[PDB]
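Here is the input, now give the coordinates:
(2 chains)
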Amino acid sequence: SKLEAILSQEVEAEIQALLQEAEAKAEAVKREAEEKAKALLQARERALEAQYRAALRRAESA
Amino acid sequence: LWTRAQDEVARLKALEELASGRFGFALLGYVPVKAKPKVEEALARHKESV
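Numbers count the residues shown, from 1 in each chain, chains lettered A, B, ... in the order given. Take a look:
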């Protein structure tokens, strides 16, 4: 009834705070998980670019 | 101070006689029929009068 609903609503407020801490926990994982993915992609294209510049200076000196 | 302390200590000792319902709780006892209106007047102070 309404009385059990108010009680399970207090417990649902605890549960909602529990989902909010779990959701911000998953977010605090995956924001920087996405950003380490992009940091990998950045450093990878930069290492390839270094190899490209070495290739061009070597071919033109040959 | 002694009166408030004896009152709070009696409330604490009375809290030992409760009957929990797994994050929820019940209680039971007896009282006369002549104070049943006073019992209801006390019962109104519960949250939705649980």
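
residue boundaries of the helices in chain B?
B:2-15, B:36-43 (DSSP state H).

ok, now chain A?
A:2-61.

what does it put close to chain B?
A:2-3, A:6-7, A:11 (Cβ under 8 Å from any Cβ of the partner chain). (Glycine included, C-beta is placed from N, CA and C.)

and of those, the nearest to residue B:1?
Each of these was checked against residue B:1 using Cβ to Cβ; the closest is residue A:7, at 35.8 Å.

circling back: most tightly packed of the helices of chain B?
Among the helices of chain B, ranked by average contacts under mean count of other Cβ atoms under 10 Å in any protein chain shown, first place goes to helix B:36-43 (a mean of 11).

That helix vs chain A: in contact?
No: residues of helix B:36-43 are not located near chain A by Cβ under 8 Å from any Cβ, the shortest gap being 12.8 Å.

Quick one: residues in contact with that helix.
B:31, B:49 (Cβ atoms under 8 Å, 6 or more residues apart in numbering or on different chains).

Columns distance to residue A:25 on top of the helices of chain B, output as JSON lines?
Below are the helices of chain B laid out as JSON lines (distance: least, Cβ to Cβ, whole Å):
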{"stretch": "helix B:2-15", "distance to residue A:25": "36"}
{"stretch": "helix B:36-43", "distance to residue A:25": "43"}
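
And the residue of chain B closest to chain A?
Here chain B gets closest to chain A at one residue, residue B:48, 5.3 Å apart by Cβ to the nearest Cβ.

Restricted to buried residues, select the residues of chain A next to chain B in PyMOL.
Buried residues among the residues of chain A next to chain B (16 or more other Cβ atoms under 10 Å in any protein chain shown), as a PyMOL selection:
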select buried, chain A and resi 7
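
which one is the closest residue to chain B within chain A nearest to, not counting chain neighbours?
Proximity to chain B, evaluated over chain A using Cβ to the nearest Cβ, is greatest for residue A:3 at 5.3 Å. Of all residues not flanking residue A:3 in the chain, residue B:48 sits nearest, at 5.3 Å (Cβ to Cβ, 6 or more residues apart in numbering or on different chains).
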